[PDB]
Amino acid sequence: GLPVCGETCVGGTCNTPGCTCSXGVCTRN
């Protein structure tokens, strides 16, 4: 499937498209 982006949401925004801020961490929606 879609793996965990594993990015931190910087300024409310994520770096990888198709990721959502869950706890400040980018995970796939």
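Counting starts with 1 at the first residue shown.
Note: Cβ is positioned from N, Cα and C throughout, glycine not excepted.
Here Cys5 is paired by Swiss-Prot through a disulfide bond, and of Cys14, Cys19 its partner is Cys19.
Distance from the CA of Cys14 (disulfide bond) to the CA of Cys5 (disulfide bond) is 9 Å. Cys9 (disulfide bond) and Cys26 (disulfide bond) are 6 Å apart (CA-CA, integer value).
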